[PDB]
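Single-structure report; data block below.
Just so you know, these numbers use all the heavy atoms, side chains as well, and skip hydrogens, waters and symmetry mates. Order of the sequence lines sets the chain letters (A, B, ...), proteins ahead of strands, with each chain counted from 1.
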Amino acid sequence: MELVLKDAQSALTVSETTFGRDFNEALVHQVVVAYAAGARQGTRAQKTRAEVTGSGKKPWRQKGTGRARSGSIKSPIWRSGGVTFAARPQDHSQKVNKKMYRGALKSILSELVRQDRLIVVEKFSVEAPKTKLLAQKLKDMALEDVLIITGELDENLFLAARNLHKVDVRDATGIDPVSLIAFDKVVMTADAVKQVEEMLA
Amino acid sequence: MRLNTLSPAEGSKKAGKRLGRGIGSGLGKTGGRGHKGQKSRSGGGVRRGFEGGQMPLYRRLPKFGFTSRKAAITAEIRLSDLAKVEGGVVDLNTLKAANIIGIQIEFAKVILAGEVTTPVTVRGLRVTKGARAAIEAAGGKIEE
Amino acid sequence: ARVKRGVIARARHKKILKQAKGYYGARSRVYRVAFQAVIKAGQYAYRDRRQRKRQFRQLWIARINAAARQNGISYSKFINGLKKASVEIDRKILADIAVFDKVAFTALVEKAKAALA
Amino acid sequence: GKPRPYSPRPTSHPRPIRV
Amino acid sequence: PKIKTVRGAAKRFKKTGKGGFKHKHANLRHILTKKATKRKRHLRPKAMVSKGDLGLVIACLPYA
RNA sequence: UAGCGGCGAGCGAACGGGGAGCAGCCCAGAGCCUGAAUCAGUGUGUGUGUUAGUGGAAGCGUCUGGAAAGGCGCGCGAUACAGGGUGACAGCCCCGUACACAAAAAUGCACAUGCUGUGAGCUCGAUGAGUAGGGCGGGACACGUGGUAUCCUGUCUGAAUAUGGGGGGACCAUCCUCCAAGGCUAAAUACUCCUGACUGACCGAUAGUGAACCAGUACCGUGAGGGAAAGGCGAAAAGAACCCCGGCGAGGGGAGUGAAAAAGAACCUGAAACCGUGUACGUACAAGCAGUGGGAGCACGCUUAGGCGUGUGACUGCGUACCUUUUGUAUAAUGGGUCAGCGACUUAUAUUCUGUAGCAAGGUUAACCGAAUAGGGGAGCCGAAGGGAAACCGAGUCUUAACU
Ligand SMILES: *[C@H]1O[C@H](CO)[C@H](O)[C@H](O)[C@H]1NC(C)=O
Ligand SMILES: [Mg+2]
Ligand SMILES: [Mg+2]
Ligand SMILES: [Mg+2]
Ligand SMILES: [Mg+2]
Ligand SMILES: [Mg+2]
Ligand SMILES: [Mg+2]
Ligand SMILES: [Mg+2]
Ligand SMILES: [Mg+2]
Ligand SMILES: [Mg+2]
Ligand SMILES: [Mg+2]
Ligand SMILES: [Mg+2]
Ligand SMILES: [Mg+2]
Ligand SMILES: [Mg+2]
Ligand SMILES: [Mg+2]
Ligand SMILES: [Mg+2]
Ligand SMILES: [Mg+2]
Ligand SMILES: [Mg+2]
Ligand SMILES: [Mg+2]
Ligand SMILES: [Mg+2]
Ligand SMILES: [Mg+2]
Ligand SMILES: [Mg+2]
Ligand SMILES: [Mg+2]
Ligand SMILES: [Mg+2]
Ligand SMILES: [Mg+2]
Ligand SMILES: [Mg+2]
Ligand SMILES: [Mg+2]
Ligand SMILES: [Mg+2]
Ligand SMILES: [Mg+2]
Ligand SMILES: [Mg+2]
Ligand SMILES: [Mg+2]
Ligand SMILES: [Mg+2]
Ligand SMILES: [Mg+2]
Ligand SMILES: [Mg+2]
Ligand SMILES: [Mg+2]
Ligand SMILES: [Mg+2]
Ligand SMILES: [Mg+2]
Ligand SMILES: [Mg+2]
Ligand SMILES: [Mg+2]
Ligand SMILES: [Mg+2]
Ligand SMILES: [Mg+2]
């Protein structure tokens, strides 16, 4: 299975097991959901009846008053009372099997090929760290929303794509499943494809 | 393939029980606990093995046996693990190098489990009447 | 993720209050009382879709009995007559013709007597 | 809502004793 | 936290190959003279835990 | 897990392995040589932080509107599209932001260099006694006195002190290993009253702190102590000149302001219970869960001049609320005056079963490393073999002298 380039008009060889396997939606879903869950901060709490500020004094005597029996002004039944099942800070992170993560990326990268969303180029850089230069290069290569993976994280290209919200620039080791789906197009350098293959196998 | 076109596999995500949310749900009111008694109560239920006061099974039956400390430092080696070792010679350190038995194991035994089909030198290991007949057959050697 | 119940709770109570329009006192104003009244209105409605079929047949038979006796025959014998004459015109239509076409009913009664005699 | 209930106050009549 | 084994149960039940549990018979501790040899002989070998009892045993021995 | 355990309820190691971090020294002493290593103050220079700050890009026309940041058109900046504000939603209006700069003065840290104290190195010697150990009583060790090692000591005792002594889980021998009865020592670890920045599938005024508000206040209590309620006019006060009724009132009606005053300060929205005014229909010979099925008449509105839609409902069939609890409730058993808001199967970690996904005789890593949701890390865990109390044997094994 041979990928084709647009800038140089050449052929780049790739593994059939990495860029030419069927889309395992169920597997990709689990990894995407796991990634979103990994992004959660999980920083919150409410006060149980134990934590709400006030005395343990029984508001009124058990019997004789003619009112519902009360034990604590902190009862969750009461206004200003505890939350019955007060939240604690949680870790929402999920375990993703190494093989289930790699198999998910393989499924995603394979879809990007068939949907013609993966563009392969020999070299992708700009002259100086100027957003105007990259912006111009993207309205020449004919894409607005795009994810750029490059071999060495060139400082100029990184800075030049920082103020463009629809454009993101990363290395081959910094690819994530969500970013390979979220972005309309993915523009990978020749070196990147020779780093991704070796990382997935 | 978009973030709003990904579905989980059919039946992979079953909706959890929500007790005490009305008649329609079928878990209304009592929330599947029934009427009254210890088991309907918050934190209600008897401990494991409790039979209602009747001398429980793990008490009316006698204790037996003792735990062997020697058993804990004795391991069994199958035949398929004789190929996994790096060298060809199956000593009581090469089995630890290749992670077949534990670091604390002082006694190992080769038994008839799997098919060994390579010449193997088993040294300082007890070997079964089927193992000595399977290793030697493939072209192996044994010494105490 | 805290959920306020106000908007949904309001919608549910209003839906019941709307079905309780025309009911007396608390039954058209007070949710607790209106809910019971709408359920009971429903129970009766379900019961009376069956009773309606009983009450209307009861009414048809009463009228056929009347218009047959004016022609000089009981209901019991008139229907027996029609069945022997192989007349399959149902009581709803008999009752309707007994009121609106007394000449046609007399014709049915004549066929009744003929089947008996 | 409801106000905090009163502590016991003098009672006019003894509860009848049934025994 | 980890479930705790009912240690008394662990001293009286061993898990077999197919998942059942072997146990020692009761009535062979003392008062042996009045008991027939046949009865005592049949009480010597280990027996399997019955179907009705398995649930109770498995609860007590989560790491069996 | 091994153990401990009215062997109950429960309690619960260690060895060893993987990591973070890593550092060793001094006195119990005399002499030689000299103050030579190094930690501490002490000023003095050097950088680099902190405590004020400085500069900081780029937009106009038109349409709707009270107002434009919105729509539409055509431009421009971007190492700056973090965020906030501005009469509705602004990269280019404002404050910022990226980025680049800044200290008279004080102070932190890290190097450099004088001063003061401190004493290295080498040779020879020394090697912590009411102590170890013991008896009695307790306590601590996962270990409840048990067969119970080991540690601590209230009480009574009491060694050997290197040719010696401690430990190796009763105890003895052998062997191995260590040197008590003197002391010092960074890092990895714990915590946040408090300070700055930043973040949230955290709350949004009965929530979130008790407290968004002059709240630990009002108020309660002799006192310790307890402890509320209460947020929002508008873009801008432009917060209503003046006139009129009224008590030189309250309150209101005009006028004027505003996009809006049914935004008028008792102010965004303005639900429900609850209370009224108006209109239509019913209702003063009529018995009960108040509805429901049938149904006349009247009023109103229509898109056949006609049926149909709406409101009412004479008369009539049927008909004893709801919840709870019960063998069974119209029950004269329980609970609810009504409305609105809140109010009850959760969370963590283990374990088992089901579904689903991956991989498959393999599967998977934990801590941790890594800026890395990657990658590394396979320490471990589960499985591929069982039988036996166990030694042990092993597709068998146990039982038994041996099994048909
Ligand atoms: C009132 O009742 C109380 C009990 O609650 C005492 O019995 C008291 O004595 C009573 N007083 C009278 C006057 O009967
Ligand atoms: Mg609260
Ligand atoms: Mg990992
Ligand atoms: Mg049910
Ligand atoms: Mg109940
Ligand atoms: Mg009961
Ligand atoms: Mg029950
Ligand atoms: Mg409780
Ligand atoms: Mg290992
Ligand atoms: Mg909310
Ligand atoms: Mg109403
Ligand atoms: Mg109330
Ligand atoms: Mg015995
Ligand atoms: Mg500026
Ligand atoms: Mg405009
Ligand atoms: Mg507005
Ligand atoms: Mg010493
Ligand atoms: Mg002592
Ligand atoms: Mg002793
Ligand atoms: Mg000692
Ligand atoms: Mg000893
Ligand atoms: Mg020993
Ligand atoms: Mg509050
Ligand atoms: Mg509000
Ligand atoms: Mg006071
Ligand atoms: Mg006035
Ligand atoms: Mg507003
Ligand atoms: Mg208002
Ligand atoms: Mg109202
Ligand atoms: Mg009348
Ligand atoms: Mg009368
Ligand atoms: Mg009456
Ligand atoms: Mg009736
Ligand atoms: Mg009863
Ligand atoms: Mg009844
Ligand atoms: Mg009764
Ligand atoms: Mg009642
Ligand atoms: Mg009554
Ligand atoms: Mg009761
Ligand atoms: Mg009551
Ligand atoms: Mg085994």
Side-chain angles (χ1 to χ4, degrees), chain A residues 24 26-27 30 34-35 38-47 52-55 57 76-81 84-85 87-88 90 92-93 96-101 103 129-132 135 159-160 162-165 173-176 199, chain B residues 8-14 17-20 31 42 47 59 63-72 76 78 80 99 103-104 109 111-114 128-130, chain C residues 1-2 4-6 10 13 23-24 26-27 29-33 35-37 39-41 44-45 47-49 51-52 55-56 58, chain E residues 1-4 7-8 11 17 45 58 62-63:
Chain A
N24 190 349
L27 174 56
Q30 177 167 357
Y35 193 82
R40 290 188 72 168
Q41 188 168 297
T43 51
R44 58 163 188 158
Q46 296 93 51
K47 296 176 159 49
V52 170
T53 307
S55 67
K57 175 58 177 172
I77 293 173
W78 286 39
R79 175 175 178 288
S80 311
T84 307
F85 300 114
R88 296 292 174 235
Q90 284 178 111
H92 291 289
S93 68
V96 181
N97 293 1
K98 289 177 181 182
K99 292 184 185 165
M100 284 182 87
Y101 177 76
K130 298 301 298 182
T131 303
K132 193 175 185 298
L159 289 182
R162 198 168 65 180
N163 206 56
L164 297 176
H165 70 287
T173 61
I175 70 179
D176 67 74
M199 167 161 93
Chain B
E10 293 79 0
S12 64
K13 301 282 296 202
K14 186 177 163 51
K17 279 188 186 179
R18 299 185 67 234
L19 299 184
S42 180
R47 65 175 185 245
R59 285 190 63 187
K63 297 195 292 190
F64 69 83
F66 78 106
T67 309
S68 178
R69 297 183 57 66
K70 198 168 181 66
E76 68 181 58
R78 293 171 170 67
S80 57
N99 202 15
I103 193 59
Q104 293 282 252
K109 193 163 187 184
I111 70 176
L112 210 190
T128 62
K129 294 284 89 61
Chain C
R2 184 170 180 252
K4 302 184 74 176
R5 291 152 50 187
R10 180 76 282 169
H13 283 200
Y23 297 173
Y24 175 60
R27 297 159 54 74
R29 301 165 171 79
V30 166
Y31 174 75
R32 286 174 193 247
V33 178
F35 184 73
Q36 293 185 16
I39 296 304
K40 188 48 145 285
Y44 285 147
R47 180 200 69 181
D48 291 322
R49 285 196 287 281
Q51 289 196 178
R52 181 199 301 132
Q55 289 190 16
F56 269 113
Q58 184 174 8
Chain E
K2 296 180 175 182
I3 306 179
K4 291 209 178 182
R7 302 295 286 142
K11 290 164 173 166
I58 292 170
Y63 296 97

Would you indicate which nucleotide in [options] comes nearest to any side-chain atom of [X]?
X: E:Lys11; options: F:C4, F:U209, F:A207; result: F:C4
X: C:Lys4; options: F:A201, F:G380, F:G204; result: F:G204
X: C:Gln36; options: F:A385, F:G336, F:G227; result: F:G336

| task | Report yes or no: is F:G317 base-paired to F:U292 (Watson-Crick or G-U wobble, both distances under 3.5 Å)? | result | yes
| said: Suppose the criterion is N1-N3 plus one more Watson-Crick contact, or the two G-U wobble contacts, each under 3.5 Å; do F:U46 and F:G144 qualify? | reply: no
Kindly state whether the bases of [N] and [M] qualify as stacked, with ring centres closer than 5.5 Å and planes tilted less than 30 degrees?
N: F:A384; M: F:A385; value: no
N: F:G387; M: F:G388; value: yes
N: F:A98; M: F:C99; value: yes
N: F:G270; M: F:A271; value: no
N: F:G336; M: F:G337; value: no

Tell me what [X] touches on the nucleic acid: a base, only sugar-phosphate, or nothing, going by heavy atoms under 4.0 Å.
X: A:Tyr35; answer: base
X: B:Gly114; answer: nothing
X: A:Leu27; answer: sugar-phosphate
X: A:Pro76; answer: sugar-phosphate
X: C:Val33; answer: nothing
X: C:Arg32; answer: sugar-phosphate
X: A:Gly38; answer: base
X: A:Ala87; answer: nothing
X: A:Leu164; answer: base

Would you say [N] has OP1 or OP2 under 4.0 Å from some side-chain N or O of [X]?
X: C:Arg5; N: F:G343; result: yes
X: C:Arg49; N: F:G293; result: no
X: E:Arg7; N: F:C11; result: no
X: A:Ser80; N: F:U206; result: no
X: A:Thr131; N: F:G77; result: no
X: B:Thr67; N: F:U1; result: no
X: A:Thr53; N: F:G210; result: yes
X: C:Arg2; N: F:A207; result: no
X: A:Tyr101; N: F:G375; result: no
X: C:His13; N: F:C339; result: no
X: C:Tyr24; N: F:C289; result: no

| Within the stacking criterion (centroid distance below 5.5 Å, interplanar angle below 30°), does A:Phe85 stack on F:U347? | no
Distance-only donor-acceptor test (3.5 Å): side chain [X], base [N]:
X: B:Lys70; N: F:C392; value: no
X: A:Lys98; N: F:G378; value: yes
X: A:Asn163; N: F:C81; value: yes
X: B:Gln104; N: F:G16; value: no
X: A:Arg79; N: F:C342; value: no
X: B:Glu76; N: F:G394; value: yes
X: C:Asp48; N: F:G317; value: yes
X: C:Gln55; N: F:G294; value: no
X: A:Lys57; N: F:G227; value: no
X: A:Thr43; N: F:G200; value: yes
X: B:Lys109; N: F:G394; value: yes

Measure from [atom1] on [X] to [atom2] on [N] and round the result to the nearest Å.
X: A:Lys47; N: F:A211; atom1: NZ; atom2: P; value: 10 Å
X: B:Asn99; N: F:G18; atom1: CG; atom2: P; value: 12 Å
X: E:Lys4; N: F:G8; atom1: NZ; atom2: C1'; value: 15 Å
X: A:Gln46; N: F:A344; atom1: CD; atom2: P; value: 12 Å
X: C:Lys40; N: F:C322; atom1: NZ; atom2: P; value: 5 Å
X: B:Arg59; N: F:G6; atom1: CZ; atom2: P; value: 11 Å
X: A:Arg88; N: F:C203; atom1: CZ; atom2: P; value: 16 Å

| field | Ring pucker hemisphere for F:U373, per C1'-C2'-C3'-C4' torsion | value | south
| note | Sign check on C1'-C2'-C3'-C4' at F:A262 (positive = north, negative = south) puts the sugar south
| Heavy-atom check, side chain of C:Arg27 versus side chain of C:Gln36, under 4.5 Å | no
| said: Within the structure provided, determine whether C:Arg49 and C:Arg52 are in side-chain contact (heavy-atom separation under 4.5 Å). | reply: yes
Using atom [atom1] of each nucleotide, how far apart are [N] and [M] to the nearest Å?
N: F:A229; M: F:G251; atom1: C1'; value: 29 Å
N: F:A132; M: F:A173; atom1: P; value: 23 Å
N: F:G282; M: F:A314; atom1: P; value: 10 Å
N: F:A110; M: F:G49; atom1: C1'; value: 11 Å
N: F:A14; M: F:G169; atom1: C1'; value: 12 Å
N: F:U161; M: F:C25; atom1: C1'; value: 26 Å
N: F:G125; M: F:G31; atom1: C1'; value: 11 Å

| query | What does F:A140 pair with, Watson-Crick or G-U, if both distances are under 3.5 Å? | reply | F:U150
